[PDB]
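Below sits a lone chain in structure tokens, taken as the form solved without the ligand.
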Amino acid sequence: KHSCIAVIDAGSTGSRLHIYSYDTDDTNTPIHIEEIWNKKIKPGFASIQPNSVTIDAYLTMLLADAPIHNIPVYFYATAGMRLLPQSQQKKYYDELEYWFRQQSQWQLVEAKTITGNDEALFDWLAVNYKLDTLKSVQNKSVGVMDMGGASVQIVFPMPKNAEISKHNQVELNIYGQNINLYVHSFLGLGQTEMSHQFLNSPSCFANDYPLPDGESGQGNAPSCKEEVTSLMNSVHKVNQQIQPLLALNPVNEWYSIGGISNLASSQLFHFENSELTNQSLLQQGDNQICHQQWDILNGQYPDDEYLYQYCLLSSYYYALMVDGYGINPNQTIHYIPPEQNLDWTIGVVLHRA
């Protein structure tokens, strides 16, 4: 009845296969995109031994039960593979290429580690497809932030600029309209990776939270924020790279995908309309977690295994958006509810199907 395409997201913690059906409109653009099958496997591809037996077992577990036959597949690895040496990446792709050559059910189009800039493009397309803002010329500038586990991405409209790296600019035409986007990714600034630098920082944890080194949490969101900002601006140069461009290319609406919704959904936070402001986020984290006695808090919410990190995470999100990107603390940030199942792989269908 329809066209179909498979996209494998080979992420840091696991790989997820998505199979989509779609139609194509008179602009040569996919419409009515629907996920018809999903499969997730652990652990991350970049964590398994890159030999034939291990790769065969892994790809077989991921793909064997798919209800499809003879479908194009894109295998796109993200930050987890980007953190591996390149010579090491090649071992995986040589095995994977051979595996797909031995079978007929899957027509491998591309298998590669995509850049964070590529990921940012797909993030923007996925979100804008969900918001139904692609089929018409908008006039409002929509920006997307992905708060990932290992990298973070930011993407917003910006006219082509010869003084900016080609790698941070994308041109595409969707539903008949030319789009120019600025894209950027910060590898290592994702919440899981960055957190590994802050675990013994007492300003980043609830009072009396037991830090790995034996010291006690003594939370203070502004202090935690300042420490996170140093990583962002001195190592990653976030503000120096992003803030001037955003100044000159103002975004009217911001949407975030990734980890914010998990935090914003906690019973300790109060956000409405699936949105927040950074000012409110930092205040709530500071009051409810950073300056809160840990044993009491944990006793009241014993099932929430991520709550202990919420002083750090609220501080970190503020550091990234306000001190890094230069977003006003009172600007509304929409976040995509986790129940919505919005996935960046939709952007692959839009761009490449």
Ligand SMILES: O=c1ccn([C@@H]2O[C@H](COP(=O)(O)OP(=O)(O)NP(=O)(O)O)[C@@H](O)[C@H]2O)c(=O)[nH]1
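For every residue, the number given is its place in the sequence shown, counted from 1.
As for the form solved in complex with the ligand, it is not shown, yet the points below apply to it.
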Close approach of residue 333 to the ligand in the bound PDB entry, 4.5 Å, heavy atom: no
Contact flag, residue 278 vs the ligand in the bound PDB entry, heavy atom cut 4.5 Å: no
Residue 17: touches the ligand in the bound PDB entry, heavy atom cutoff 4.5 angstroms: no
Contact label in the bound PDB entry: residue 32 to the ligand, heavy atom within 4.5 Å: no
Sole residue of 126, 147, 228, 183 within 4.5 Å of the ligand in the bound PDB entry, by heavy atom: 147
Partner-contacting position among 88, 283, 262, 252 - heavy atom within 4.5 Å of the ligand in the bound PDB entry: 262
Contact stretch among 73-81, 165-173, 235-243, 198-206 - heavy atom within 4.5 Å of the ligand in the bound PDB entry: 73-81
Contacts with the ligand in the bound PDB entry, stretch 25-61 (heavy atom within 4.5 Å): 40, 42
